[PDB]
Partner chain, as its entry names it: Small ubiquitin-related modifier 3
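Presented below, as structure tokens, is a lone chain in the form solved without its partner chain.
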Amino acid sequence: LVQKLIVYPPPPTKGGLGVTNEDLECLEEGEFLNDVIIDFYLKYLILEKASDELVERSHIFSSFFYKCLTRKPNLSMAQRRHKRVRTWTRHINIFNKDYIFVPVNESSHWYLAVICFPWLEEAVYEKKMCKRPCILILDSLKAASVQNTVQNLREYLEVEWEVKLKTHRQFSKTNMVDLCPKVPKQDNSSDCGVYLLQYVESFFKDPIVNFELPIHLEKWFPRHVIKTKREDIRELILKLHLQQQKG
């Protein structure tokens, strides 16, 4: 027996996610954050923390996106896995977006893949500014499957661009470089999920506009923000539990 604490967003809203007491259990120190907690908070950030602009210019996939994109006739390898998640963008063109976030969990470890400026063809710059189509990898440590992830996304984009734009664009290692900006690293084991959430939160509070390598984000956020984050999230869930009860 489990108790559903909240449904976020709560109805009348439509895309509601349920969060139970068992889900809260993973908020304990030394516990890996599960899918439900990751997707919940990311939804919360998009609905309560991102500026209207950032919301329109961004799209966040649930953790099931990459999972489904990788698991198993005339189709090639690239278009076989894309068929598995072709529905996730039925009513949304991702090439109109500046940022597309993809939560990734490999071997219980969480890391983030952020596709940036997919509409740019190459690197642009002017007052020094710099942007380019690319894939950022934000990891509180380092994952072994990263390159496999980056290659799957480039191939995901090729198919998706061919399905929507009806043309051929080549998303390659040089075409759309993958970068690992230097961000704060994990201190405690089991905390990669907490870092993933903090990354998106910090990204929304202060987006990455300059892509001049190397991207320095070593002090992106204070260390104490991470220290209290698991608890802050638990308090948020219970705070909403009482709100969805008060009505």
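Residue numbers count along the first chain shown, from 1.
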{"property": "Interval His91-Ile92, deposited residues with no coordinates in the entry (none, 1 to 3, 4 to 9, 10 or more)", "result": "none"}
{"property": "Missing from the model but present in the deposited sequence, between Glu126 and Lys127", "result": "10 or more"}
{"property": "Stretch exceeding the other in mean C-alpha B-factor - 209 to 217, 194 to 202", "result": "209 to 217"}
{"property": "Comparing 78 to 86 with 154 to 162, the one whose average Cα B-factor in the PDB entry is higher", "result": "78 to 86"}
{"property": "Highest recorded Cα temperature factor - choice among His109, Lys72, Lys142, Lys97", "result": "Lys72"}
{"property": "CA B-factor ranking of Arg230, expressed as a third of its chain", "result": "lowest"}
{"property": "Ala113 by Cα B-factor - lowest, middle or highest third of the modelled chain", "result": "lowest"}
{"property": "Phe171 - Cα temperature factor, lowest/middle/highest third of chain", "result": "highest"}
{"property": "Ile135 - Cα temperature factor, lowest/middle/highest third of chain", "result": "lowest"}
{"property": "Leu17 CA temperature factor, ranked by third within the chain", "result": "highest"}
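Beyond what is shown, the protein has a form deposited with its partner chain bound; the following relates to that form.
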{"property": "Interface stretch in the bound PDB entry with its partner chain - options 206 to 214, 44 to 52, 62 to 70, 177 to 185, non-hydrogen atom within 4.5 Å", "result": "62 to 70"}
{"property": "4.5 angstroms heavy atom contact with its partner chain in the bound PDB entry for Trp88", "result": "yes"}
{"property": "4.5 angstroms heavy atom contact with its partner chain in the bound PDB entry for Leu242", "result": "no"}
{"property": "Partner contact for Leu17 in the bound PDB entry: its partner chain, 4.5 angstroms, heavy atom", "result": "yes"}
{"property": "Its partner chain contact in the bound PDB entry: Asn152, any heavy atom under 4.5 Å", "result": "no"}
{"property": "In the bound PDB entry, the one of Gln147, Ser76, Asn96, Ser108 near its partner chain [non-hydrogen atom within 4.5 angstroms]", "result": "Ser108"}
